[PDB]
Amino acid sequence: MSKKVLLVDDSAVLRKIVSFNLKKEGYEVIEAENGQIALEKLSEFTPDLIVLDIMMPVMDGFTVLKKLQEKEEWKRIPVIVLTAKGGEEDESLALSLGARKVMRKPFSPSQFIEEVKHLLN
Amino acid sequence: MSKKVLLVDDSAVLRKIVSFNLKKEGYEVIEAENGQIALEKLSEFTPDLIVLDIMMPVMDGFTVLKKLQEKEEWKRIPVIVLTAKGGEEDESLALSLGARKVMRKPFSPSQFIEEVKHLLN
Amino acid sequence: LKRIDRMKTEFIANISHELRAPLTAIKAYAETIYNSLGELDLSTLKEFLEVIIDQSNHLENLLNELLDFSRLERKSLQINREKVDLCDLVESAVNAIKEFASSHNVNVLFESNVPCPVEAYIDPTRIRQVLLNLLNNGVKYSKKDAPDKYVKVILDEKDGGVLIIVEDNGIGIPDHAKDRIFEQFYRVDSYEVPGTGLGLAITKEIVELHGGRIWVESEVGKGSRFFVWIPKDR
Amino acid sequence: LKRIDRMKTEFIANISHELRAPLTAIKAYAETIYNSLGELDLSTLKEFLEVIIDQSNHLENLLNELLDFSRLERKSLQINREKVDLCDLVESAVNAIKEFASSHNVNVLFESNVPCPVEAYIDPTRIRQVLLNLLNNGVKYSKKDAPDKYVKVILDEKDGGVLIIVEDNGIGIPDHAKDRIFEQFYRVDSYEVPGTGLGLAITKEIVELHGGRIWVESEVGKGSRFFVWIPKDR
Ligand SMILES: Nc1ncnc2c1ncn2[C@@H]1O[C@H](COP(=O)(O)OP(=O)(O)NP(=O)(O)O)[C@@H](O)[C@H]1O
Ligand SMILES: Nc1ncnc2c1ncn2[C@@H]1O[C@H](COP(=O)(O)OP(=O)(O)NP(=O)(O)O)[C@@H](O)[C@H]1O
Ligand SMILES: [Mg+2]
Ligand SMILES: [Mg+2]
């Protein structure tokens with residue numbers, strides 16, 4: 001009865017260290033290299049928590065957020081935005097697009113997992 | 001009997017990582033926080049290889065090199081210069097002041113160790 | 001009349017100076033742990049790892065100064081005010097830098113001439129950066145040869161607003177440069193000290209955006225004192 | 001009149017972009033190893049350590065680019081010539097990029113129309129930087145994800161000097177931007193691609209200091225071909 005997490009980012013170097021620290025807590029990891037692939041995986045199941053990058057090719061993280069608050073089957077999914085953007089414009093924008101929390105890069109892994117558990121409860 | 005080297009640098013963080021890799025090959029490490037202290041510890045004994053920083057408080061590395069190749073007991077001591085100053089003229093000046101090799105920061109520990117073993121023959 | 005372009009190119013070499021030292025530590029300590037796994041006890045392994053993590057935070061400070069510099073040119077630096085206890089916020093800042101000052105031996109004391117709590121309508125994140133910036137400068141530029149080295153903040157409430165003081169026994173700012181220390185890129189040139197000149201410029205912008213001012217009173221050799229006045233703005 | 005100050009500040013922000021990604025990796029991997037020492041198998045431990053060393057070398061390339069930028073301003077960059085077999089020099093550069101190329105799915109070639117050795121009085125250190133720069137760009141701005149991605153190096157000697165061509169299946173340079181990519185800080189801003197802008201600027205300086213010149217032939221979608229001509233010497 002473990003939880004599954006949808007990890008979305010364009011850098012495999014990031015997805016490696018995040019999939020490791022997520023599986024540390026007994027979670028399942030489903031990766032996606034861009035935002036379009038992330039939506040293609042969202043049709044096969046429904047994740048418990050989504051980790052979303054903003055700067056990505058093909059489909060960025062903003063469009064994924066709008067399409068998450070659209071289809072009412074995903075509108076109640078907690079979304080964490082792990083982006084390199086730091087301006088107050090980008091954070092408040094992702095917040096209005098249905099995201100629960102936005103964390104800048106670089107990020108502390110202990111604080112990230114702490115927020116992942118705070119949203120999974 | 002084990003070899004002895006004189007480690008000269010103002011950064012205690014660098015002295016530790018160089019003392020480790022120098023002791024990894026079986027050498028004895030004698031630290032000195034600046035160039036003036038290095039000359040003081042040059043009175044208790046005579047090392048077989050000296051690692052010298054350039055930018056140091058009190059006494060700089062160029063002054064240590066000039067004081068070295070003018071006193072006979074210190075003239076034949078091989079000296080590697082591990083400096084952050086990777087300038088064009090900085091290398092040629094230290095080489096003219098009697099240094100046997102000038103290495104730049106950041107450096108590779110394996111490359112630096114192999115050069116230490118080169119001068120110790 | 002645009003000599004500012006001449007000062008920006010020096011800011012480049014200052015970035016490379018701030019980047020050259022922690023990169024030497026990250027590269028050396030990482031290759032050491034790799035090629036010397038069998039020559040590491042668990043203590044030195046964690047010690048080398050923690051040295052790697054400490055240098056990344058130095059570079060993280062360098063990254064955040066480049067971003068806040070981009071916000072001073074954009075003039076887009078904004079404050080988000082909360083109702084924060086001041087003595088609580090200054091304790092959280094003094095607690096953090098206590099360990100860094102221990103690596104260079106400096107007693108970080110905190111006195112309050114007013115009774116805690118001291119609530120105010122300020123941004124806790126940027127004010128904490130102001131505190132951590134003034135305290136990082138008080139310990140770094142503190143004299144080396146000296147016994148009982150200290151740096152003390154004082155909470156006070158003068159002229160309606162809140163007056164914070166940061167005293168230290170540092171080397172002291174000369175009477176000719178005490179005006180330009182707040183201008184961008186400016187630094188008291190006197191050896192291998194890393195710096196970019198933006199610490200007090202962002203500190204000045206944060207305090208003045210809060211509705212107040214900041215000035216400095218220091219003596220050559222004796223010590224340095226920074227003053228920060230901010231209204232409560234309830 | 002003086003937009004060089006404007007193009008310099010954008011290059012400042014480019015330094016922060018180049019610093020943000022490897023720092024996030026160094027911070028994440030070095031902190032995972034520190035907290036998960038009891039959960040890291042030796043394969044993942046060395047793999048995470050290997051990532052830290054790789055990202056530190058990415059930042060080391062950033063440090064050396066800022067130092068070389070400080071040499072283009074002072075006009076202090078000099079070359080130190082020595083008779084080096086060019087075949088052994090290019091074969092030493094296609095292998096120092098072959099691993100980084102296989103990561104981004106692309107291979108290197110070397111079709112020399114003249115039999116080796118090819119001795120020339122050049123600076124092998126700076127010319128290796130010229131080759132590694134054109135190869136790294138031949139794999140960074142390569143094709144989107146098309147089949148058969150390669151980067152070719154053609155050694156030749158025409159018009160009394162040595163002529164090298166770096167071919168690739170890259171995205172191609174638009175004809176409106178082909179006459180300014182060598183200008184400093186310039187970059188065809190057509191997303192998640194790191195870019196400083198002065199990569200070809202240092203490449204142009206090294207080639208012109210060697211006595212020769214360098215130009216570019218490119219078509220949109222067809223690929224890119226950089227031409228470097230350096231005379232032989234005594
Ligand atoms: N507590 C102090 N005592 C004596 N001198 C100081 C003190 N704080 C600052 N100064 C001087 O004033 C200048 C302040 O420059 P600043 O704007 O802090 O750039 P910086 O030194 O690069 N800060 P940072 O980037 O955070 O290390 C420095 O050149 C110091 O010499
Ligand atoms: N092999 C290539 N194929 C297509 N375009 C290229 C190639 N090499 C360079 N360019 C173009 O040249 C422009 C700038 O290149 P350059 O001056 O080297 O800066 P840079 O590559 O961004 N900096 P760095 O990668 O850090 O050295 C980019 O906008 C590219 O589009
Ligand atoms: Mg990204
Ligand atoms: Mg030093």
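Quick check on the range A:59-81. Is at least one of its residues part of a loop (DSSP other than H, G, I, E, B) and either within 16 Å of ligand 1 (Cβ to nearest atom) or within 14 Å of chain D (Cβ to nearest Cβ) (or both)?
So in the range A:59-81, the residues part of a loop (DSSP other than H, G, I, E, B) come out as A:59-60, A:69-78.
Restricting the remaining residues to those that are either within 16 Å of ligand 1 (Cβ to nearest atom) or within 14 Å of chain D (Cβ to nearest Cβ) (or both) gives A:59-60.
Yes - at least one qualifying residue is present in the range A:59-81.
Residues checked against (1) within 30 Å of residue D:19 (Cβ to Cβ); (2) surrounded by fewer than 20 Cβ atoms within 10 Å (Cβ to Cβ); (3) of a type outside the set (A, V, I, L, M, F, W, C):
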site: D:139; (1), (2), (3): yes, no, no
site: D:144; (1), (2), (3): yes, yes, yes
site: D:176; (1), (2), (3): no, yes, yes
site: D:189; (1), (2), (3): yes, yes, yes
site: D:196; (1), (2), (3): yes, no, yes
site: D:223; (1), (2), (3): no, no, yes
Q: Select, from C:110, C:69, C:48, the only residue that is part of a helix (DSSP H, G or I) and farther than 30 Å from residue D:9 by Cα.
A: C:48
Q.
Name the residue that is nearest to residue A:44 (Cα to Cα), counting only residues in the range A:14-33 that are surrounded by fewer than 19 Cβ atoms within 10 Å (Cβ to Cβ) and in contact with a helix residue (DSSP H, G or I) (Cβ under 7 Å, 6 or more places away or on another chain).
A. A:30
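Suppose we filter the range B:72-83 for residues that are over 13 Å from the mean Cα position of the chain (by Cα) and among the aliphatic types (A, V, I, L, M); how many remain?
0
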Q. Just checking, how many residues over the range D:22-72 are surrounded by 21 or more Cβ atoms within 10 Å (Cβ to Cβ), within 8 Å of chain A (Cβ to nearest Cβ) and of a type in the set (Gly, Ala, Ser)?
A. 2
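Given D:166, D:162, which one is among the hydrophobic types (A, V, I, L, M, F, W, C), more than 14 Å from chain A (Cβ to nearest Cβ), more than 12 Å from ligand 2 (Cβ to nearest atom) and closer than 29 Å to residue D:67 by Cα? Walk me through how you get there before you give the answer.
On the way: D:166 fails: more than 12 Å from ligand 2 (Cβ to nearest atom).
The match here is D:162.
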Q: Pairs only if they're at least six apart or on different chains, beta carbon under 7 angstrom, first in the range B:17-43 and within 12 Å of chain C (Cβ to nearest Cβ) and farther than 21 Å from residue B:2 by Cβ, second of a type in the set (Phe, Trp, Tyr) and surrounded by 16 or more Cβ atoms within 10 Å (Cβ to Cβ); list them, first residue then second.
A: none
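In the set A:110, A:92, which member is more than 13 Å from the chain's Cα centre (by Cα) and under 23 Å from residue D:26 (Cα atoms)?
On the way: A:92 fails: under 23 Å from residue D:26 (Cα atoms).
Selected residue: A:110, the only one of A:110, A:92 that is more than 13 Å from the chain's Cα centre (by Cα) and under 23 Å from residue D:26 (Cα atoms).
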**Q.** Near pairs, Cβ below 9 angstrom, 6+ apart or cross-chain, from the range C:193-206 (under 12 Å from residue C:141 (Cβ atoms)) to any residue that is surrounded by fewer than 20 Cβ atoms within 10 Å (Cβ to Cβ) and basic (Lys, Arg)
**A.** C:193/C:140; C:193/C:187; C:195/C:140; C:195/C:187
Q. Which condition number does residue D:72 fail, the rest of (1) in the same structural domain as residue D:13 (by CATH); (2) farther than 20 Å from residue D:215 by Cα; (3) hydrophobic (A, V, I, L, M, F, W, C) being met?
A. (2)
Q) If we keep just the residues of the range D:7-21 that are surrounded by fewer than 16 Cβ atoms within 10 Å (Cβ to Cβ) and more than 7 Å from chain C (Cβ to nearest Cβ), which is farthest from residue D:51 (Cα to Cα)? A) D:7
Q: Would you tally the residues in the range A:89-117 being within 14 Å of chain D (Cβ to nearest Cβ) and not β-branched (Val, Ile, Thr)?
A: 12
Q) If residue B:68 satisfies every condition in (1) aliphatic (A, V, I, L, M); (2) crowded, with 16+ Cβ neighbours inside 10 Å; (3) within 30 Å of residue C:46 (Cβ to Cβ) but one, which is the exception? A) (3)
Q | Residues that are of a type in the set (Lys, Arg), more than 14 Å from chain D (Cβ to nearest Cβ) and outside any strand (DSSP E or B), drawn from the range C:73-83 | A | C:81
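Yes/no per residue for (1) in a loop (DSSP other than H, G, I, E, B); (2) within 14 Å of chain B (Cβ to nearest Cβ); (3) touching a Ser or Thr at 6+ places or on another chain (Cβ under 8 Å):
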{"residue": "C:172", "(1), (2), (3)": "yes, no, yes"}
{"residue": "C:177", "(1), (2), (3)": "yes, no, no"}
{"residue": "C:181", "(1), (2), (3)": "no, no, no"}
{"residue": "C:189", "(1), (2), (3)": "yes, no, no"}
{"residue": "C:193", "(1), (2), (3)": "yes, yes, no"}
{"residue": "C:196", "(1), (2), (3)": "yes, no, no"}
{"residue": "C:200", "(1), (2), (3)": "no, no, no"}
{"residue": "C:203", "(1), (2), (3)": "no, no, no"}
{"residue": "C:208", "(1), (2), (3)": "no, no, no"}
**Q.** Options C:151, C:130: the member that is buried (at least 20 other Cβ atoms within 10 Å of the Cβ) and part of a strand (DSSP E or B)
**A.** C:151
Q | Failed item, numbered, when residue C:102 is tested on (1) hydroxyl-bearing (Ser, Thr, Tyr); (2) over 17 Å from residue C:233 (Cβ atoms); (3) more than 19 Å from the chain's Cα centre (by Cα) | A | (3)
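Note: ideal-geometry Cβ built from the backbone for every residue, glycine included; neighbour counts use all protein chains shown. What is reported rests on the model, the rules as stated and the sources as named; nothing here is a laboratory result.
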